[PDB]
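Here's the structure we're looking at; comments come further down.
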Amino acid sequence: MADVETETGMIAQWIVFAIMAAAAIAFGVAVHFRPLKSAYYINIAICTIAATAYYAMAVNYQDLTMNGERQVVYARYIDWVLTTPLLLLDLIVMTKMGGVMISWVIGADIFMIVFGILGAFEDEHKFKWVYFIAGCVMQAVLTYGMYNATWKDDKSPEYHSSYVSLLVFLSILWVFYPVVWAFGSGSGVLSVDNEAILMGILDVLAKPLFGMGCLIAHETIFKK
Ligand SMILES: CC(C)CCC[C@@H](C)[C@H]1CC[C@H]2[C@@H]3CC=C4C[C@@H](O)CC[C@]4(C)[C@H]3CC[C@]12C
Ligand SMILES: CC(C)CCC[C@@H](C)[C@H]1CC[C@H]2[C@@H]3CC=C4C[C@@H](O)CC[C@]4(C)[C@H]3CC[C@]12C
Ligand SMILES: *C/C=C(C)/C=C/C=C(C)/C=C/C1=C(C)CCCC1(C)C
């Protein structure tokens, strides 16, 4: 039979919705009482984006577009394509990284997503996986560069530290997405719902939580 999202998946998403929404509102207000405002904006956008994406996924878990006999909840790629770049930025600001380099990490990132999307809608397993590799290779490149701003002597010693910190956290976490993907969206061995929940779990770690980390860090440092 076909693997399609259910009330369950819906639930999960709906839950994520609320969280995102709150963070959005939270930061959304907070910002008006700071100096520094930018860092806030970044994360406001991020969560507002997600919130929206999840909101769509949730209300339409029934309107199924399918690759094979398994529904693909693509809205997430959109989210990701927009959010992921903003997440890297959240860290980039803690560094003195050069525009030229920024564009590279970002560009890499964007493709990482698209490849995923490409694979997500591919029939031939033969290609599906090729695409998968691609993205991983992008996540790779991308990650590599992010670390050059670690050892290569280029902001303040406080920042540098916080940066390193958050990065290792983001760096590791992210590799989970591709793993989960590979499993469901990619292989099929994973349910649409479970994938949703898993992805969902990740998102909340990757976005709201990370956000706080950053905001704090900034707020913290700024106080020095
Ligand atoms: C899950 C969602 C609802 C979480 C939202 C968390 C928001 C409300 C949190 C996370 C970061 C937090 C801020 C971190 C740093 C400061 C500077 C400090 O001098 C006063 C508190 C203040 C300004 C915090 C206000 C509350 C804050 C903005
Ligand atoms: C959707 C609901 C849950 C959102 C609730 C958002 C609340 C927690 C957010 C929105 C406005 C925010 C406050 C905005 C202004 C200030 C004064 C500042 O000097 C310290 C942070 C502080 C005190 C913020 C604390 C966190 C705060 C109260
Ligand atoms: C808010 C969303 C976040 C932080 C999403 C992160 C997503 C990734 C790191 C995805 C990576 C993928 C690959 C490296 C290979 C192919 C499939 C993907 C798209 C899921």
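Here, A, B, ... name the chains of the structure tokens in the order displayed, residue numbers run from 1 inside each chain, and ligands are numbered from 1 in the same displayed order.
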
Practice task
Residues within 6 Å of ligand 3 should be enumerated using only C-alpha atoms and all ligand atoms and returned as a ChimeraX atom specification.
Solution key: /A:80,83-84,112-113,116,132,135-136,139,174-175,177-178,181,203,206-207

Next, dump the selected residues to file, keeping only N, CA and C atoms, as an mmCIF file, in the first residue's frame.
```cif
data_model
loop_
_atom_site.group_PDB
_atom_site.id
_atom_site.type_symbol
_atom_site.label_atom_id
_atom_site.label_comp_id
_atom_site.auth_asym_id
_atom_site.auth_seq_id
_atom_site.Cartn_x
_atom_site.Cartn_y
_atom_site.Cartn_z
ATOM 1 N N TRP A 80 13.628 24.916 5.064
ATOM 2 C CA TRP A 80 15.059 24.690 5.106
ATOM 3 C C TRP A 80 15.863 25.593 4.203
ATOM 4 N N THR A 83 15.630 28.987 5.894
ATOM 5 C CA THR A 83 16.116 29.032 7.256
ATOM 6 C C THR A 83 17.583 28.690 7.413
ATOM 7 N N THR A 84 18.000 27.558 6.854
ATOM 8 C CA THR A 84 19.391 27.125 6.953
ATOM 9 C C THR A 84 20.378 28.256 6.647
ATOM 10 N N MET A 112 22.731 22.288 -1.172
ATOM 11 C CA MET A 112 22.549 21.128 -0.319
ATOM 12 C C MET A 112 21.058 20.868 -0.244
ATOM 13 N N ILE A 113 20.302 21.907 0.044
ATOM 14 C CA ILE A 113 18.881 21.728 0.134
ATOM 15 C C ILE A 113 18.300 21.280 -1.183
ATOM 16 N N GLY A 116 18.604 17.836 -2.110
ATOM 17 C CA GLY A 116 17.665 17.061 -1.330
ATOM 18 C C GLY A 116 16.308 17.072 -2.001
ATOM 19 N N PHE A 132 21.530 12.595 -3.358
ATOM 20 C CA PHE A 132 21.789 12.532 -1.936
ATOM 21 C C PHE A 132 23.255 12.797 -1.671
ATOM 22 N N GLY A 135 24.302 16.674 -2.025
ATOM 23 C CA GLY A 135 24.023 17.460 -0.838
ATOM 24 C C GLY A 135 25.013 17.192 0.274
ATOM 25 N N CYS A 136 25.228 15.917 0.600
ATOM 26 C CA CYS A 136 26.164 15.566 1.659
ATOM 27 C C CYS A 136 27.463 16.269 1.359
ATOM 28 N N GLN A 139 26.954 19.780 2.289
ATOM 29 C CA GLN A 139 26.986 19.923 3.733
ATOM 30 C C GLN A 139 28.443 19.842 4.151
ATOM 31 N N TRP A 174 23.020 18.883 12.581
ATOM 32 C CA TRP A 174 22.662 18.839 11.168
ATOM 33 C C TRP A 174 22.842 17.514 10.445
ATOM 34 N N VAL A 175 23.952 16.829 10.702
ATOM 35 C CA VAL A 175 24.194 15.549 10.045
ATOM 36 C C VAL A 175 23.030 14.588 10.302
ATOM 37 N N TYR A 177 19.804 15.339 9.981
ATOM 38 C CA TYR A 177 18.794 15.526 8.960
ATOM 39 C C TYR A 177 18.984 14.530 7.840
ATOM 40 N N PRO A 178 20.141 14.588 7.175
ATOM 41 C CA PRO A 178 20.432 13.677 6.069
ATOM 42 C C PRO A 178 20.227 12.235 6.466
ATOM 43 N N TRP A 181 16.493 11.701 6.633
ATOM 44 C CA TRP A 181 16.034 11.769 5.262
ATOM 45 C C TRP A 181 16.318 10.425 4.628
ATOM 46 N N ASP A 203 14.188 20.124 14.002
ATOM 47 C CA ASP A 203 13.865 21.520 13.765
ATOM 48 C C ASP A 203 13.852 22.348 15.051
ATOM 49 N N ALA A 206 17.313 22.713 16.316
ATOM 50 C CA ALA A 206 18.055 23.534 15.391
ATOM 51 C C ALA A 206 17.641 25.004 15.324
ATOM 52 N N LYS A 207 16.354 25.289 15.521
ATOM 53 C CA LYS A 207 15.877 26.666 15.413
ATOM 54 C C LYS A 207 15.629 27.457 16.711
#
```

Problem - Polymer residues at most 8 Å from residue A:69, only C-alpha atoms, same-chain spacing of 4 or more positions, as number ranges by chain - result: A: 1-3

Handout entry: Surrounding residues as a count of residues only, ligand 1, max 12 Å, only C-alpha atoms and all ligand atoms
Key = 49

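Take the candidates A:151, A:176, A:111, A:121 and check each one against residue A:70 using only C-alpha atoms; the shortest distance goes to A:121.
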
Exercise for the section: Using backbone DSSP assignments, extract all helix (DSSP H, G or I) residues from stretch 6-220 of chain A; output them as a VMD selection string. Expected result: chain A and resid 7 to 33 37 to 59 75 to 92 99 to 120 125 to 151 157 to 174 176 to 187 192 to 220

Practice task
For residue A:73, work out the shell of residues within 9 Å, counting only C-alpha atoms and skipping chain neighbours fewer than 2 positions away, then give it as a PyMOL selection string.
Solution key: chain A and resi 5+57+61+64-66+71+75-77+185+192+196

Exercise for the section: Would you list the contacts of residue A:184 as a PyMOL selection string, taking every protein, DNA or RNA residue within 10 Å and counting only C-alpha atoms, but skipping same-chain residues closer than 3 positions in sequence? Expected result: chain A and resi 70+72+120+179-181+187-196

Export, as a PDB file, in the first residue's frame, the selected residues with N, CA and C atoms.
```
ATOM      1  N   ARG A  70       4.658   6.875  -1.917  1.00  0.00           N
ATOM      2  CA  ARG A  70       4.978   7.497  -0.641  1.00  0.00           C
ATOM      3  C   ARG A  70       4.897   9.005  -0.836  1.00  0.00           C
ATOM      4  N   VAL A  72       5.327  12.961  -0.413  1.00  0.00           N
ATOM      5  CA  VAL A  72       6.472  13.778  -0.049  1.00  0.00           C
ATOM      6  C   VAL A  72       5.961  15.111   0.500  1.00  0.00           C
ATOM      7  N   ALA A 120      14.285  14.011  -3.373  1.00  0.00           N
ATOM      8  CA  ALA A 120      12.946  13.801  -2.817  1.00  0.00           C
ATOM      9  C   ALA A 120      11.873  13.505  -3.864  1.00  0.00           C
ATOM     10  N   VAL A 179      20.551  11.916   7.706  1.00  0.00           N
ATOM     11  CA  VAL A 179      20.374  10.555   8.149  1.00  0.00           C
ATOM     12  C   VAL A 179      18.897  10.214   8.131  1.00  0.00           C
ATOM     13  N   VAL A 180      18.091  11.024   8.804  1.00  0.00           N
ATOM     14  CA  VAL A 180      16.664  10.766   8.836  1.00  0.00           C
ATOM     15  C   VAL A 180      16.113  10.714   7.431  1.00  0.00           C
ATOM     16  N   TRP A 181      16.493  11.701   6.633  1.00  0.00           N
ATOM     17  CA  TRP A 181      16.034  11.769   5.262  1.00  0.00           C
ATOM     18  C   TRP A 181      16.318  10.425   4.628  1.00  0.00           C
ATOM     19  N   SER A 187      14.876   6.391   1.611  1.00  0.00           N
ATOM     20  CA  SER A 187      14.740   4.944   1.527  1.00  0.00           C
ATOM     21  C   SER A 187      13.306   4.468   1.560  1.00  0.00           C
ATOM     22  N   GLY A 188      12.576   4.872   2.586  1.00  0.00           N
ATOM     23  CA  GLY A 188      11.198   4.451   2.693  1.00  0.00           C
ATOM     24  C   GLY A 188      11.033   3.599   3.927  1.00  0.00           C
ATOM     25  N   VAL A 189      12.147   3.101   4.446  1.00  0.00           N
ATOM     26  CA  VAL A 189      12.134   2.272   5.651  1.00  0.00           C
ATOM     27  C   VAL A 189      11.536   3.029   6.853  1.00  0.00           C
ATOM     28  N   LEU A 190      11.296   4.320   6.667  1.00  0.00           N
ATOM     29  CA  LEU A 190      10.760   5.156   7.725  1.00  0.00           C
ATOM     30  C   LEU A 190       9.402   5.726   7.336  1.00  0.00           C
ATOM     31  N   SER A 191       8.463   5.734   8.270  1.00  0.00           N
ATOM     32  CA  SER A 191       7.131   6.255   7.976  1.00  0.00           C
ATOM     33  C   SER A 191       7.131   7.743   7.707  1.00  0.00           C
ATOM     34  N   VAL A 192       6.119   8.202   6.986  1.00  0.00           N
ATOM     35  CA  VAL A 192       6.009   9.617   6.712  1.00  0.00           C
ATOM     36  C   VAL A 192       5.840  10.352   8.046  1.00  0.00           C
ATOM     37  N   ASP A 193       5.029   9.787   8.936  1.00  0.00           N
ATOM     38  CA  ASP A 193       4.766  10.383  10.245  1.00  0.00           C
ATOM     39  C   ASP A 193       6.004  10.417  11.107  1.00  0.00           C
ATOM     40  N   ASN A 194       6.635   9.262  11.273  1.00  0.00           N
ATOM     41  CA  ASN A 194       7.844   9.182  12.084  1.00  0.00           C
ATOM     42  C   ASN A 194       8.885  10.172  11.563  1.00  0.00           C
ATOM     43  N   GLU A 195       9.099  10.173  10.248  1.00  0.00           N
ATOM     44  CA  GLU A 195      10.045  11.110   9.644  1.00  0.00           C
ATOM     45  C   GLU A 195       9.664  12.515  10.147  1.00  0.00           C
ATOM     46  N   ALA A 196       8.407  12.888   9.917  1.00  0.00           N
ATOM     47  CA  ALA A 196       7.880  14.173  10.342  1.00  0.00           C
ATOM     48  C   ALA A 196       8.250  14.468  11.784  1.00  0.00           C
TER      49      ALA A 196
END
```

Practice task
For atom CA of residue A:68 and atom CA of residue A:119, determine how far apart the two atoms are, in Å to one decimal place.
Solution key: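 A separation of 12.3 Å between them.
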
Exercise for the section: May I have the residues within 12 Å of residue A:165 as a list in words, using only C-alpha atoms and disregarding those fewer than 4 positions away in the same chain? Expected result: residues 91, 94, 147, 150, 158, 159, 160, 161, 169, 170, 171, 172, 210, 213, 214 and 217 of chain A

Handout entry: d(atom 25 (C, counted along the ligand's line) of ligand 2, atom CA of residue A:95) in Å
Key = 26.9 Å

Handout entry: residue A:78 surroundings by only C-alpha atoms, 10 Å radius, close-in-sequence under 3 positions cut, as a PyMOL selection string
Key = chain A and resi 49-50+53+74-75+81-83+113-114+117

Long-range neighbours of residue A:96 as a PDB file with C-alpha atoms, in the first residue's frame, 12 Å cut-off, only C-alpha atoms, 5 positions minimum in chain:
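What follows is the written file selection.pdb:
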```
ATOM      1  CA  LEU A  89      24.486  33.672   9.395  1.00  0.00           C
ATOM      2  CA  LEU A  91      27.089  32.341  13.528  1.00  0.00           C
ATOM      3  CA  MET A 101      33.561  33.450   1.804  1.00  0.00           C
ATOM      4  CA  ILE A 102      30.091  34.035   3.134  1.00  0.00           C
ATOM      5  CA  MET A 146      32.615  27.177   8.820  1.00  0.00           C
ATOM      6  CA  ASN A 148      38.230  27.608   8.918  1.00  0.00           C
ATOM      7  CA  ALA A 149      36.962  30.603  10.882  1.00  0.00           C
ATOM      8  CA  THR A 150      37.865  28.512  13.895  1.00  0.00           C
ATOM      9  CA  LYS A 152      42.453  30.619  10.963  1.00  0.00           C
ATOM     10  CA  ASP A 153      43.001  33.766  13.053  1.00  0.00           C
ATOM     11  CA  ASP A 154      39.883  35.628  11.827  1.00  0.00           C
ATOM     12  CA  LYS A 155      36.103  38.954  16.168  1.00  0.00           C
ATOM     13  CA  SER A 156      36.824  39.082  19.931  1.00  0.00           C
ATOM     14  CA  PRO A 157      38.084  36.110  21.986  1.00  0.00           C
ATOM     15  CA  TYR A 159      32.843  35.613  20.368  1.00  0.00           C
ATOM     16  CA  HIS A 160      35.360  33.197  18.878  1.00  0.00           C
ATOM     17  CA  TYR A 163      31.137  30.722  17.924  1.00  0.00           C
TER      18      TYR A 163
END
```
